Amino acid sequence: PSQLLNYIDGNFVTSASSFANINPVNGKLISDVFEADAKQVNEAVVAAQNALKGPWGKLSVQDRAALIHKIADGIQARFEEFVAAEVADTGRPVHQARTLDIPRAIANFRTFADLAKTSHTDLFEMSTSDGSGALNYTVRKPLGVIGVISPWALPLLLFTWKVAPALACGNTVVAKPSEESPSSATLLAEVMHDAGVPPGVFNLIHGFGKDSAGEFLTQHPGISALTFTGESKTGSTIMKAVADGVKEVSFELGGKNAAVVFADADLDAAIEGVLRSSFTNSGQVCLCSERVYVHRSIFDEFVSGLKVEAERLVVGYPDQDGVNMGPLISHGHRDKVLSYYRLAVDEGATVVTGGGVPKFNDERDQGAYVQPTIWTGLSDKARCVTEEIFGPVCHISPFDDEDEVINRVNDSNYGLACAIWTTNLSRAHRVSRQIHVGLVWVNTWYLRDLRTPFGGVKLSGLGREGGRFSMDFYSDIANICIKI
């Protein structure tokens, strides 16, 4: 019964085609979503381009930031509706949407609004032959129209992570959320409209990737930049697509993240930590650990403790009492994950726990659930230990030596994140620095400070966002050089 419209030039509009939004909990229809055609994408980009020359473009940084705080207020005012939207689309446990996702999304807008108010640029004085000198100063200007394309994992969070700094920097936006999670972004458009954001400043287009809204956005010469979060192969495709236009790009892509547990770790803390890093969001966060290395001396105790804890996870309804894990995002994704589950056994894995789907004997059997899964026994070369699965799974392997484990962690075409567990001062700092990734946590997992640079190396992405890196990426950096 829910209908999700595009939002283009201050108007909610339908489209010729619509597609189904399906609750992964039970397989039921949540909404019809109007798919934007290439003409509507053009309408969005053109509206965005024009909006830069309107009231939005005349706003002082201070007024622009106040307006963005008004966006945040509007989300706050409709808090539980945003909670319901994320949960409906994704099966995410209510407790997590309510305590993490929606507050972080609000925090995205408030933080980048504040960064925009407090930020400044540089002055460089130079001597010249005639001895009267010159000044060089830098300015940040809006880059122009920012195309945003985002994934279904933590959808409102990752979507606003891009939309907030884009708007804070004075840009206008055309944004295409994942076909699998279009609700909260649609709600966000409403908040934009109600908050009085000028027509064309924020445009929402629904659709898929290839031969749809996503691809049409990437091929449009009217955009100044494409920021993207998704699969590595999608990243590469988009990088080719914007190449003729030499568009500014930012890619946050896949990973195969390791957690390392050294002999001097707090073992109970590491078990809890790896449990969370492996299975949070049912293993569907780019920051999850799918490879785990544990020192040989504590390997058996670690594996036994994690098995016990994993089998205590409650897989069930998003608002079921004590639920820890919802379903995967889709039947399609479940079929891929189970295909890896089979592959693991075929590759010689011992299945410590899970390896299948739960049996509910109710509507959830029509959903997309899988069991949290632990493997041992695979060599570092097994596909299941090298390819990103994006499910609730980890393979655990022993190690003996510090340099050895660092090399095995780094032996990967991905390099997003790593978590290290140790109580030793030197070890924490020495080892972290040698890990080839964009983010290392020591003795925790999933702490995010919006001020810090974030991104990956190798196939995990290019560039960094967060803090000044967002303020620089979403801005045109220009040098004005004045001869005195």
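The first residue of the sequence shown is number 1, and the count goes up from there.
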As the entry reports it, the stretch among 405-413 and 206-214 with higher mean C-alpha B factor is 206-214
Which is higher on average in the deposited entry, the C-alpha temperature factors of 128-136 or of 175-183? 128-136
Choose from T423, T444, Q40, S432 the residue with the greatest Cα B-factor as stated in the PDB record. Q40
Checking the record values for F109, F399, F159, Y340, which has the greatest CA B factor? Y340
The third of the chain into which the C-alpha temperature factor of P55 falls is the highest
The third of the chain into which the C-alpha temperature factor of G245 falls is the middle
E347: CA temperature factor from the record, placed by chain third, in the highest
Taking the values exactly as deposited, rank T227 by C-alpha B-factor within its chain and report the matching third: lowest, middle or highest. lowest
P372: CA temperature factor from the record, placed by chain third, in the lowest
